[PDB]
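Below you'll find the structure, written out as structure tokens, and then a few comments.
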Amino acid sequence: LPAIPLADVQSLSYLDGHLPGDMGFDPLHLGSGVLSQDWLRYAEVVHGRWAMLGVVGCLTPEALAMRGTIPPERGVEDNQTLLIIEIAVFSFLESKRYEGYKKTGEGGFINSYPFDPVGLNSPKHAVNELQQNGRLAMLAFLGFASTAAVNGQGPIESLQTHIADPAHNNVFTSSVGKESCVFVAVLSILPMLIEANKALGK
Amino acid sequence: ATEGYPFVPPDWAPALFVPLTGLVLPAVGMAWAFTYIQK
Amino acid sequence: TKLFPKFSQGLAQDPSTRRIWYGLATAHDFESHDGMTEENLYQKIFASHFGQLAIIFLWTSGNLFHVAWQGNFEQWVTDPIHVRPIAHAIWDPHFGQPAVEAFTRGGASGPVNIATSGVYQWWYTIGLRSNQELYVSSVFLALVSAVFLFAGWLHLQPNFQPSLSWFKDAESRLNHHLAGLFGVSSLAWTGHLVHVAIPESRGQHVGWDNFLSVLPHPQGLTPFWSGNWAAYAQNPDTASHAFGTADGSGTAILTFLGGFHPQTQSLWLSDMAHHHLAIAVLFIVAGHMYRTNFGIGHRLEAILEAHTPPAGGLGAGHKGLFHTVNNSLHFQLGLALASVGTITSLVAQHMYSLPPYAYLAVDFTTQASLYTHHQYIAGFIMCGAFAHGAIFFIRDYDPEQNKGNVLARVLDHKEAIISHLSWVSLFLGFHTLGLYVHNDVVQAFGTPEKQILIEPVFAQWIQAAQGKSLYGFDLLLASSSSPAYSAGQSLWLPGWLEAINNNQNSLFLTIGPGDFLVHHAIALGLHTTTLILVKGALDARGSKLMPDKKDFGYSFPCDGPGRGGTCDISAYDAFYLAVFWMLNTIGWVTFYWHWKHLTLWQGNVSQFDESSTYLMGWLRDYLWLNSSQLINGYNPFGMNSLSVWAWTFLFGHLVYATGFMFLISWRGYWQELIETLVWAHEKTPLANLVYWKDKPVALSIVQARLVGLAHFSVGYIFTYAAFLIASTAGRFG
Amino acid sequence: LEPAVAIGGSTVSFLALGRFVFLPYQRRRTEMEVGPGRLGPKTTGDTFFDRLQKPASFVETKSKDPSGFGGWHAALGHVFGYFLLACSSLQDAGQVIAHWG
Amino acid sequence: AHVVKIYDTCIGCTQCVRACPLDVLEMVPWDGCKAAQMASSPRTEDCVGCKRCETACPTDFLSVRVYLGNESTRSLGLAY
Amino acid sequence: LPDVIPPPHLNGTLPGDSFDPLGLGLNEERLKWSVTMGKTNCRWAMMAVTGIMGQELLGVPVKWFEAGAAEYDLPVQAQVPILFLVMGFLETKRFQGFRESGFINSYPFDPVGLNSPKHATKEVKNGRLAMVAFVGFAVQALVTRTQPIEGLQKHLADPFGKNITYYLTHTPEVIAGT
Ligand code: CLA
Ligand code: CLA
Ligand code: CLA
Ligand code: CLA
Ligand code: CLA
Ligand SMILES: CC1=C(/C=C/C(C)=C/C=C/C(C)=C/C=C/C=C(C)/C=C/C=C(C)/C=C/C2=C(C)CCCC2(C)C)C(C)(C)CCC1
Ligand code: SF4
Ligand SMILES: [Ca+2]
């Protein structure tokens with residue numbers, strides 16, 4: 001909580017900073033319930049897990065020469081029946097995770113094993129570094145998804161083009177997104193408006 | 001779009017905006033209004 | 001104890017449905033809210049004003065956006081006579097196969113509806129020619145709407161809320177409104193007319209990228225700073241001149257040509273600039289009349305105190321009227337509504353006779369829809385003016401302040417005023433109905449010669465005095481030796497005479513014996529509505545049947561069934577009764593307008609002139625003949641574009657009939673019925689588990705009158721709008 | 001016709017008129033009129049910085065009742081009453097305004 | 001509930017107390033009329049607003065007035 | 001301290017001290033905020049006018065008004081987004097300083113050990129003069145369609161003729177450039 005998102009922003013009253021990743025940013029008051037924010041937090045961390053694994057899941061195949069840069073299932077060895085066993089094994093695993101989460105919270109385990117500290121590592125800083133890296137990968141995966149604007153260019157390949165020309169190869173001009181300028185415009189003026197509103201309403 | 005950006009809307013615009021303000025918006029509006037009417 | 005009516009603890013402590021309904025009724029009566037002071041009242045009004053401005057600008061921005069996205073504006077500019085304007089697109093999952101095939105009009109890929117607002121001609125006249133200019137201007141209007149919303153919130157904050165004297169300052173308000181809002185805005189508009197509208201009408205493209213490099217006039221301000229101001233009117237646009245290109249164009253900007261344009265049938269664009277410029281100079285020079293914080297100007301209180309005739313004509317004159325007007329809000333609201341309602345009708349009467357937009361006279365549905373819309377709006381605003389006058393007399397009229405003045409003096413002979421209004425209304429009603437029934441019976445006995453036909457020798461005389469040489473009155477402006485004809489003979493009289501002598505436009509239509517009776521019907525409706533409203537306003541604070549009416553408020557049910565019965569005795573009830581008469585009067589004036597133009601547009605002007613004298617002729621040739629294509633919107637042989645109008649034509653009838661229910665049936669019958677339903681829900685199995693949070697009760701007496709009037713007015717409006725647009729759109733363009 | 005002599009000979013005539021023969025009549029005529037205050041309320045203690053009449057001395061500088069802003073106010077007669085005569089270009093532009101009859 | 005008022009122009013005929021169907025008005029002694037009694041209204045919270053007292057009032061103008069106001073369960077005449 | 005015979009200011013501890021015929025102040029909070037506006041507006045105008053003069057003296061076939069469109073490696077499309085972030089950071093941080101009071105740049109005060117005490121009235125006065133000079137540059141550039149040095153040269157070359165009045169009377173030649 002002392003860091004704060006833009007310059008000096010009054011941190012929300014509900015966020016006392018008790019949570020390890022309280023950057024002080026939480027707009028529209030989506031989470032303010034005591035029992036609801038804990039579950040939302042569990043969602044955010046589970047998201048980061050799937051997304052971090054995802055970011056490095058596309059990074060490996062993309063770096064080397066292979067197929068599926070944009071579309072998966074070029075061949076494979078199991079069709080449709082595979083998908084059924086996928087949902088079955090995941091349903092059993094997920095039911096165990098939900099049962100474990102209800103008992104202690106911050107469910108970090110594989111199958112049915114309440115706490116999973118195999119490596120014996122679990123300090124506070126590692127809890128925090130999990131969150132910050134998950135937030136980063138959740139915001140990086142969208143750029144991997146944003147390959148649509150860049151079309152055939154892949155994640156590693158989009159980086160290569162941007163290296164060749166740093167001014168005519170960006171979202172602001174080389175992409176079809178001309179509204180990105182308006183996004184950064186309103187994202188730049190929004191802070192000042194919050195400070196302005198709160199200041200005026202003395 | 002192209003040379004028309006200033007308020008030029010994509011093709012599936014009424015197919016996703018009319019199903020929104022005609023069912024989702026009056027439902028959330030009436031729900032919030034009913035909870036505000038009662039104590 | 002609930003918390004929804006935050007402004008009223010009395011309604012907040014109501015254990016019935018009456019709390020909900022009333023919670024939506026007194027939401028804007030800031031003068032009767034719990035714990036409200038004069039300063040708080042004025043500040044709340046100042047905020048709601050900004051909210052209204054923001055929603056107005058947002059609405060017009062949305063109109064520009066929809067026409068720029070789905071309207072065929074670029075296709076309409078290249079051919080403003082054949083193609084039809086497009087309002088917006090239609091997306092309905094309820095539509096069938098034939099509805100999608102039949103709703104596609106105007107050269108579109110999907111189903112759309114033609115626009116009757118007439119904004120295409122307005123934008124094409126002011127200068128908008130591309131589909132992008134509407135886009136950029138729509139985002140500009142949305143931006144200014146956002147600023148107004150911020151301004152309203154900004155002023156609702158401490159150290160930013162204006163004081164009471166700032167609101168109670170009329171001298172600087174009138175000075176700034178007459179100089180800046182009315183004059184500077186008009187000067188900026190004539191600047192746009194001379195810099196963009198005039199060159200765009202002559203093919204010269206002028207936009208934000210080249211308006212600083214193109215001079216509006218060849219001379220270039222050189223005559224404005226020199227004694228040669230007539231240089232701006234050297235070569236006007238000739239007759240053979242196209243409105244899109246420079247074929248036959250001119251270089252003049254501030255001309256003075258009477259009449260219209262030979263191709264667009266509208267006023268010369270080089271004349272509206274001159275008009276707005278003269279109006280701007282007049283308003284700016286008139287805005288320096290009152291005294292602000294300087295050593296010059298006038299004082300409104302001093303002028304009002306000095307305006308008192310001697311020999312006791314008005315007694316105290318206008319003494320105390322300044323404090324009476326400035327201290328009250330309903331007086332200012334009634335005056336503003338009266339002025340706005342009068343100028344709205346003025347706008348309606350001048351737009352059809354003198355069309356100001358290019359290719360507007362060709363569009364027959366646009367003119368009818370615009371005239372009907374402006375006249376109905378004017379009628380509702382005119383009823384509101386008298387309603388607020390009655391509210392003023394009840395809420396803020398203290399008799400001890402203005403003793404013996406004109407306001408207290410007109411109240412002394414309210415019986416004389418009301419009685420003379422009653423006599424005028426009875427005279428017009430008896431005679432107009434008698435002449436119509438006499439002509440009807442005589443026409444029904446197979447003898448049309450016997451019917452009485454009065455030629456309006458007064459309005460025909462006015463038309464002959466203004467230029468029309470059809471009647472034969474050798475008077476001024478129609479002669480050749482009158483001083484008024486020689487005056488202006490070289491200024492605007494040739495164009496004005498050429499436009500008034502043509503029998504194809506709408507400028508001073510040829511009247512006859514059929515317009516005499518209709519004009520008398522219009523006079524009857526006006527005097528009757530004025531009688532109801534004036535009687536409800538003067539007898540608002542007391543009567544001989546109820547002298548303490550002022551102690552009961554403005555909208556009460558009655559004062560029991562005693563003393564004969566006092567049903568509908570409040571001034572609210574009087575206004576309620578006057579709404580019906582206002583609707584009838586506006587219906588009569590619009591029926592007259594639509595039939596005269598409906599017979600003029602089809603070259604059968606002799607149909608209305610000989611079939612408008614009897615009411616059976618009205619019902620046959622107007623309501624029955626022009627409704628052949630409207631009801632044929634959907635039959636067992638399919639449907640067409642008019643089917644939507646046919647559907648809403650019946651939808652209006654259903655709303656009207658539902659209003660008759662709330663008007664005829666009264667609350668007690670319904671109260672007993674609701675009680676029986678309560679017993680039913682309480683003693684029923686498997687449904688007694690649920691229960692109402694608020695006790696169900698019948699609507700109140702005042703609420704029942706309001707809902708019935710709303711249903712009556714909505715049906716009356718929807719049915720006529722459907723018939724007008726369908727009957728005009730169905731057989732014309 | 002000449003703009004220099006029609007708006008110049010105008011200003012001085014409107015100024016000398018307002019300073020020599022219409023000044024005591026204007027001052028005697030403006031005495032019955034009151035200022036902007038709503039019958040004199042408290043201003044300085046209520047923050048009414050806009051209604052209060054502008055100071056800037058506002059005292060006698062000339063003789064027989066002077067005018068600081070009246071010299072710029074009454075001077076508008078120069079353009080209100082004679083820029084019309086100065087711009088009388090219709091006397092040589094063919095558009096006759098004599099109004100025969 | 002509704003606000004009932006009794007003015008001094010009362011003659012003490014005791015007709016409003018007889019016309020009231022909810023026992024709202026009463027007759028207290030007075031020293032300003034021939035009957036030496038004036039009406040009063042102690043049970044104002046039980047006023048329903050049927051205005052029968054105003055019809056029973058014989059003096060001109062009425063000595064008793066029923067000014068309607070806020071509604072409660074008792075003043076709305078609800079039996080449920 | 002004063003200028004002429006009318007009574008002085010309502011508050012007199014600020015650098016500039018004169019009269020105002022409209023009196024837009026009379027609110028200590030609005031006075032403090034408004035005095036900051038004067039210093040920051042003058043800061044931008046001082047830099048702007050000295051920049052226009054420099055661009056005019058050095059040159060690169062483009063006037064400050066026509067300087068909007070003149071090539072560049074990075075296009076105006078990406079120019080705005082980068083400009084907003086930089087300006088948004090700097091300006092929002094600067095507003096942070098005002099809450100704790102004082103004028104700050106990168107951080108609070110930003111005084112690189114230079115004269116400050118009595119050296120202030122000159123800073124406000126120089127800023128005010130640059131503000132009125134910039135509005136003159138703009139209307140001068142709009143009316144004459146030239147740069148302030150060329151306009152000074154045109155007035156230096158001929159004084160009685162080729163004056164401001166000349167620029168109002170002739171527009172068909174000034175635009176054409178004849
Ligand atoms: C105002 C906005 C609005 C909109 C957008 C719609 C839209 C629609 N209406 Mg409708 N309606 C409206 C207003 C509106 N209505 C009003 C005001 C009325 C009162 C007069 C009606 C009365 C009305 C009637 C009487 C009927 C419709 C019907 C329909 C549907 C058209 C027929 C169809 O294709 O079936 C839809 C076919 C589908 C495949 C849609 C399925 C998707 C639905 C909407 C949601 C189902 C998903 C489900 C929740 C999954 C759950 C997820 C789970 C994992 C938890 C359509 C989607 C018809 C209908 O419903 O069809 C039976 C129909 O009978 N409407
Ligand atoms: C030549 C002598 C003369 C004449 C003829 C007048 C005439 C007039 N003076 Mg004036 N006056 C004079 C000398 C004169 N004055 C002198 C020497 C002075 C001293 C300098 C003044 C100072 C003076 C002042 C200060 C004022 C007047 C005013 C008036 C006007 C109204 C007077 C009045 O009593 O209202 C009329 C009396 C009534 C009872 C009104 C009757 C209302 C009717 C009945 C209503 C009917 C309406 C009905 C609906 C009509 C139907 C028509 C349909 C189209 C609707 C009036 C036209 C007053 C004014 O300016 O008003 C315009 C004003 O305040 N005079
Ligand atoms: C010169 C300075 C100035 C200006 C420009 C304004 C402007 C305005 N003031 Mg303001 N005011 C001022 C000074 C000024 N004020 C001062 C100094 C004071 C304090 C003494 C006030 C105190 C004050 C108050 C208390 C209020 C306003 C309000 C308003 C708004 C009026 C509503 C409106 O927009 O109608 C628009 C009017 C016009 C466009 C002209 C009149 C239109 C007529 C009827 C003719 C129609 C034109 C034409 C025929 C139609 C063409 C359009 C068509 C083609 C579509 C308006 C924007 C009100 C407000 O808050 O906002 C609502 C209000 O409550 N003012
Ligand atoms: C400048 C315009 C203006 C303004 C500011 C006011 C302001 C006010 N009016 Mg007034 N009035 C006006 C014009 C105006 N009026 C006009 C034009 C009329 C004639 C119609 C009236 C007639 C009128 C009456 C009779 C009364 C007032 C009253 C009041 C006061 C409070 C009631 C209220 O506003 O709450 C808000 C009211 C509502 C929210 C009700 C809205 C329901 C509307 C009318 C029905 C909408 C039609 C329908 C549903 C449309 C949908 C169609 C469907 C097919 C989709 C308030 C100070 C009342 C009063 O003085 O207090 C006792 C009073 O009784 N007004
Ligand atoms: C108020 C509206 C109205 C008016 C103005 C008229 C007017 C007229 N109607 Mg009509 N009518 C009306 C309503 C009206 N009607 C209605 C509502 C109906 C349906 C029921 C009819 C149905 C109707 C029919 C069927 C007919 C008429 C006819 C006539 C004409 C008859 C003239 C007449 O009666 O002979 C003369 C009457 C008298 C001379 C009466 C004598 C009275 C005494 C004795 C004399 C008066 C004193 C004398 C003048 C001396 C005074 C001295 C003085 C100079 C000082 C007349 C022009 C007839 C016609 O011919 O059509 C043209 C006819 O056929 N009407
Ligand atoms: C109840 C009341 C109220 C309200 C009222 C009202 C509503 C009124 C109105 C009214 C109206 C609504 C009016 C109207 C009007 C108008 C007029 C009266 C006019 C005029 C004019 C003239 C005289 C003209 C002339 C001419 C010319 C100049 C030109 C051409 C020719 C002619 C001849 C046409 C108030 C609030 C105040 C309060 C008190 C009471
Ligand atoms: S409105 Fe109803 S309660 Fe009142 S007197 Fe008429 S019938 Fe009786
Ligand atoms: Ca254009």
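Chain labels follow the order of the structure tokens: the first chain is A, the next B, and so on; residue numbering restarts at 1 in every chain, and ligands are counted from 1 in their shown order.
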Taking the DSSP secondary structure from the backbone, can you list the residues of chain D that are alpha helix (DSSP H), as a PyMOL selection string? chain D and resi 3-20+23-29+70-73+77-80+83-86
Grab me every residue within 8 Å of ligand 6, counting only C-alpha atoms and all ligand atoms, and send it over as a PyMOL selection string. chain C and resi 330-335+337-339+341-342+382+385-390+392-393+407+533-534+537-538
Quick one: contact table of chain B to chain C, 12 Å max, nearest atom pair and distance in Å to one decimal per residue, counting only C-alpha atoms, chain and number order, as JSON lines?
```
{"residue": "B:2", "atom": "CA", "partner": "C:132", "partner_atom": "CA", "distance": 11.6}
{"residue": "B:3", "atom": "CA", "partner": "C:132", "partner_atom": "CA", "distance": 8.8}
{"residue": "B:4", "atom": "CA", "partner": "C:132", "partner_atom": "CA", "distance": 6.6}
{"residue": "B:5", "atom": "CA", "partner": "C:135", "partner_atom": "CA", "distance": 9.0}
{"residue": "B:6", "atom": "CA", "partner": "C:135", "partner_atom": "CA", "distance": 6.0}
{"residue": "B:7", "atom": "CA", "partner": "C:135", "partner_atom": "CA", "distance": 6.2}
{"residue": "B:8", "atom": "CA", "partner": "C:69", "partner_atom": "CA", "distance": 6.8}
{"residue": "B:9", "atom": "CA", "partner": "C:69", "partner_atom": "CA", "distance": 7.6}
{"residue": "B:10", "atom": "CA", "partner": "C:69", "partner_atom": "CA", "distance": 10.2}
{"residue": "B:11", "atom": "CA", "partner": "C:69", "partner_atom": "CA", "distance": 10.6}
{"residue": "B:12", "atom": "CA", "partner": "C:91", "partner_atom": "CA", "distance": 10.7}
{"residue": "B:13", "atom": "CA", "partner": "C:91", "partner_atom": "CA", "distance": 9.8}
{"residue": "B:14", "atom": "CA", "partner": "C:91", "partner_atom": "CA", "distance": 6.3}
{"residue": "B:15", "atom": "CA", "partner": "C:91", "partner_atom": "CA", "distance": 7.2}
{"residue": "B:16", "atom": "CA", "partner": "C:91", "partner_atom": "CA", "distance": 10.2}
{"residue": "B:17", "atom": "CA", "partner": "C:91", "partner_atom": "CA", "distance": 9.9}
{"residue": "B:18", "atom": "CA", "partner": "C:91", "partner_atom": "CA", "distance": 7.5}
{"residue": "B:19", "atom": "CA", "partner": "C:93", "partner_atom": "CA", "distance": 9.6}
{"residue": "B:22", "atom": "CA", "partner": "C:92", "partner_atom": "CA", "distance": 10.9}
{"residue": "B:33", "atom": "CA", "partner": "C:4", "partner_atom": "CA", "distance": 9.6}
{"residue": "B:34", "atom": "CA", "partner": "C:4", "partner_atom": "CA", "distance": 9.9}
{"residue": "B:35", "atom": "CA", "partner": "C:4", "partner_atom": "CA", "distance": 9.7}
{"residue": "B:36", "atom": "CA", "partner": "C:4", "partner_atom": "CA", "distance": 6.4}
{"residue": "B:37", "atom": "CA", "partner": "C:4", "partner_atom": "CA", "distance": 5.2}
{"residue": "B:38", "atom": "CA", "partner": "C:2", "partner_atom": "CA", "distance": 6.3}
{"residue": "B:39", "atom": "CA", "partner": "C:2", "partner_atom": "CA", "distance": 5.0}
```
Atoms kept (N, CA, C and O atoms) for selection, written as a compact mmCIF listing (two decimals), in the first residue's frame:
```txt
# COMPACT_ATOMS: atom_id res chain seq x y z
N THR B 2 -10.88 2.80 -41.68
CA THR B 2 -9.96 3.46 -42.61
C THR B 2 -10.52 4.82 -43.01
O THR B 2 -11.57 4.90 -43.66
N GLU B 3 -9.81 5.89 -42.61
CA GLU B 3 -10.13 7.30 -42.89
C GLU B 3 -11.50 7.72 -42.39
O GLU B 3 -12.06 8.72 -42.84
N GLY B 4 -12.06 6.93 -41.46
CA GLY B 4 -13.40 7.25 -40.93
C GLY B 4 -13.48 7.03 -39.43
O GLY B 4 -14.56 7.31 -38.88
N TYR B 5 -12.37 6.59 -38.83
CA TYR B 5 -12.18 6.26 -37.39
C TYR B 5 -13.14 7.03 -36.47
O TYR B 5 -13.90 6.37 -35.73
N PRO B 6 -13.12 8.38 -36.46
CA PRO B 6 -14.01 9.20 -35.63
C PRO B 6 -15.47 8.72 -35.58
O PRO B 6 -16.24 9.14 -36.41
N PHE B 7 -15.76 7.82 -34.63
CA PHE B 7 -17.11 7.26 -34.34
C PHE B 7 -17.62 6.30 -35.43
O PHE B 7 -18.85 6.12 -35.50
N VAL B 8 -16.73 5.72 -36.26
CA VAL B 8 -17.19 4.70 -37.25
C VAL B 8 -17.18 3.37 -36.49
O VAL B 8 -16.08 2.98 -36.05
N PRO B 9 -18.43 2.59 -36.27
CA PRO B 9 -18.84 1.38 -35.54
C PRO B 9 -18.68 0.09 -36.32
O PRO B 9 -18.93 0.04 -37.54
N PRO B 10 -18.31 -0.99 -35.65
CA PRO B 10 -18.14 -2.28 -36.34
C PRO B 10 -19.49 -2.90 -36.67
O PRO B 10 -20.53 -2.46 -36.20
N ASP B 11 -19.45 -3.84 -37.62
CA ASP B 11 -20.67 -4.42 -38.27
C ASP B 11 -21.61 -5.11 -37.29
O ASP B 11 -22.82 -4.85 -37.37
N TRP B 12 -21.10 -5.95 -36.39
CA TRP B 12 -22.00 -6.60 -35.40
C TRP B 12 -22.19 -5.58 -34.28
O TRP B 12 -21.73 -5.85 -33.15
N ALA B 13 -22.87 -4.47 -34.58
CA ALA B 13 -22.98 -3.39 -33.57
C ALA B 13 -24.38 -3.47 -32.96
O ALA B 13 -24.47 -3.65 -31.74
N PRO B 14 -25.47 -3.45 -33.76
CA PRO B 14 -26.83 -3.56 -33.23
C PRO B 14 -27.14 -5.01 -32.80
O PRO B 14 -28.00 -5.20 -31.97
N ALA B 15 -26.37 -5.97 -33.32
CA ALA B 15 -26.58 -7.39 -32.95
C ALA B 15 -26.09 -7.64 -31.52
O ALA B 15 -26.44 -8.69 -30.96
N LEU B 16 -25.24 -6.75 -30.98
CA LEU B 16 -24.72 -6.91 -29.60
C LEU B 16 -25.10 -5.71 -28.71
O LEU B 16 -24.83 -5.80 -27.50
N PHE B 17 -25.68 -4.65 -29.28
CA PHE B 17 -26.02 -3.46 -28.45
C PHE B 17 -27.53 -3.39 -28.17
O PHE B 17 -27.92 -2.88 -27.11
N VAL B 18 -28.34 -3.86 -29.12
CA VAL B 18 -29.79 -3.87 -28.92
C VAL B 18 -30.24 -4.89 -27.88
O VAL B 18 -31.02 -4.52 -27.00
N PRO B 19 -29.63 -6.21 -27.81
CA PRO B 19 -29.69 -7.59 -26.83
C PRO B 19 -29.11 -7.14 -25.49
O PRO B 19 -29.26 -7.86 -24.52
N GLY B 22 -31.81 -3.87 -24.29
CA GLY B 22 -33.23 -4.29 -24.32
C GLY B 22 -33.53 -5.37 -23.31
O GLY B 22 -34.73 -5.63 -23.06
N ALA B 33 -33.25 -0.77 -8.78
CA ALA B 33 -34.36 0.09 -8.37
C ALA B 33 -35.23 -0.59 -7.33
O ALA B 33 -35.68 0.07 -6.39
N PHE B 34 -35.48 -1.89 -7.46
CA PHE B 34 -36.29 -2.60 -6.48
C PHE B 34 -35.58 -2.69 -5.14
O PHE B 34 -36.21 -2.49 -4.09
N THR B 35 -34.27 -2.95 -5.16
CA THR B 35 -33.53 -3.01 -3.90
C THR B 35 -33.44 -1.63 -3.26
O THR B 35 -33.38 -1.52 -2.04
N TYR B 36 -33.45 -0.57 -4.07
CA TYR B 36 -33.43 0.77 -3.50
C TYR B 36 -34.80 1.18 -2.97
O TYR B 36 -34.87 1.91 -1.98
N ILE B 37 -35.88 0.71 -3.61
CA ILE B 37 -37.23 1.01 -3.15
C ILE B 37 -37.47 0.36 -1.80
O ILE B 37 -37.98 0.99 -0.86
N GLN B 38 -37.07 -0.91 -1.66
CA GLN B 38 -37.23 -1.55 -0.37
C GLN B 38 -36.13 -1.07 0.57
O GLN B 38 -35.19 -0.37 0.16
N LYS B 39 -36.24 -1.42 1.84
CA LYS B 39 -35.25 -1.00 2.83
C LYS B 39 -33.89 -1.66 2.61
O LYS B 39 -33.00 -1.07 1.98
```
Restrict the distance test to only C-alpha atoms, flag each residue of chain A within 9 Å of chain F, and return the flagged residues as a ChimeraX atom specification. /A:6-8,166-168,170-173,178,180-185,187-189,191-192,195
Show me, as a PyMOL selection string, the residues of chain C whose atoms get within 9 Å of chain D, using only C-alpha atoms for the distance check. chain C and resi 163+165-166+168-172+224-231+234+285+291-303+481-491
Selection to disk with C-alpha atoms, as a PDB file, in the first residue's frame:
```
ATOM      1  CA  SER C 163     -24.991  32.909  -3.358  1.00  0.00           C
ATOM      2  CA  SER C 165     -27.873  37.659  -4.563  1.00  0.00           C
ATOM      3  CA  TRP C 166     -26.057  36.210  -7.569  1.00  0.00           C
ATOM      4  CA  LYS C 168     -31.290  37.602  -7.619  1.00  0.00           C
ATOM      5  CA  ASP C 169     -29.425  39.928 -10.001  1.00  0.00           C
ATOM      6  CA  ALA C 170     -31.486  40.831 -13.019  1.00  0.00           C
ATOM      7  CA  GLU C 171     -29.481  43.745 -14.471  1.00  0.00           C
ATOM      8  CA  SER C 172     -26.284  41.837 -15.219  1.00  0.00           C
ATOM      9  CA  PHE C 224     -16.110  47.208 -43.854  1.00  0.00           C
ATOM     10  CA  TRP C 225     -13.448  49.683 -42.644  1.00  0.00           C
ATOM     11  CA  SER C 226     -14.351  52.093 -45.518  1.00  0.00           C
ATOM     12  CA  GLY C 227     -17.490  54.071 -46.532  1.00  0.00           C
ATOM     13  CA  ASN C 228     -18.395  51.466 -49.172  1.00  0.00           C
ATOM     14  CA  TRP C 229     -20.510  48.927 -47.269  1.00  0.00           C
ATOM     15  CA  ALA C 230     -22.674  48.196 -50.344  1.00  0.00           C
ATOM     16  CA  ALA C 231     -19.772  46.320 -51.941  1.00  0.00           C
ATOM     17  CA  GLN C 234     -22.732  43.686 -55.787  1.00  0.00           C
ATOM     18  CA  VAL C 285     -26.605  47.466 -28.836  1.00  0.00           C
ATOM     19  CA  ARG C 291     -27.024  49.181 -15.019  1.00  0.00           C
ATOM     20  CA  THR C 292     -24.349  46.759 -13.891  1.00  0.00           C
ATOM     21  CA  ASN C 293     -21.510  47.771 -11.626  1.00  0.00           C
ATOM     22  CA  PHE C 294     -20.697  50.937 -13.579  1.00  0.00           C
ATOM     23  CA  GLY C 295     -21.974  54.494 -13.703  1.00  0.00           C
ATOM     24  CA  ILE C 296     -24.313  54.036 -16.663  1.00  0.00           C
ATOM     25  CA  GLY C 297     -27.355  51.918 -17.390  1.00  0.00           C
ATOM     26  CA  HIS C 298     -30.939  51.519 -16.271  1.00  0.00           C
ATOM     27  CA  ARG C 299     -32.592  50.100 -13.193  1.00  0.00           C
ATOM     28  CA  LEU C 300     -35.539  47.732 -13.614  1.00  0.00           C
ATOM     29  CA  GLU C 301     -37.070  48.707 -10.264  1.00  0.00           C
ATOM     30  CA  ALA C 302     -36.870  52.396 -11.163  1.00  0.00           C
ATOM     31  CA  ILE C 303     -38.556  51.873 -14.540  1.00  0.00           C
ATOM     32  CA  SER C 481     -48.415  54.587 -57.083  1.00  0.00           C
ATOM     33  CA  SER C 482     -48.556  53.900 -53.353  1.00  0.00           C
ATOM     34  CA  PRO C 483     -45.629  55.208 -51.290  1.00  0.00           C
ATOM     35  CA  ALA C 484     -45.107  51.728 -49.875  1.00  0.00           C
ATOM     36  CA  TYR C 485     -44.763  50.294 -53.384  1.00  0.00           C
ATOM     37  CA  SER C 486     -42.261  52.868 -54.586  1.00  0.00           C
ATOM     38  CA  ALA C 487     -40.419  52.385 -51.301  1.00  0.00           C
ATOM     39  CA  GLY C 488     -38.505  49.193 -51.518  1.00  0.00           C
ATOM     40  CA  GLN C 489     -39.327  48.838 -55.233  1.00  0.00           C
ATOM     41  CA  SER C 490     -35.587  48.419 -55.774  1.00  0.00           C
ATOM     42  CA  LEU C 491     -34.867  46.691 -52.445  1.00  0.00           C
TER      43      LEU C 491
END
```
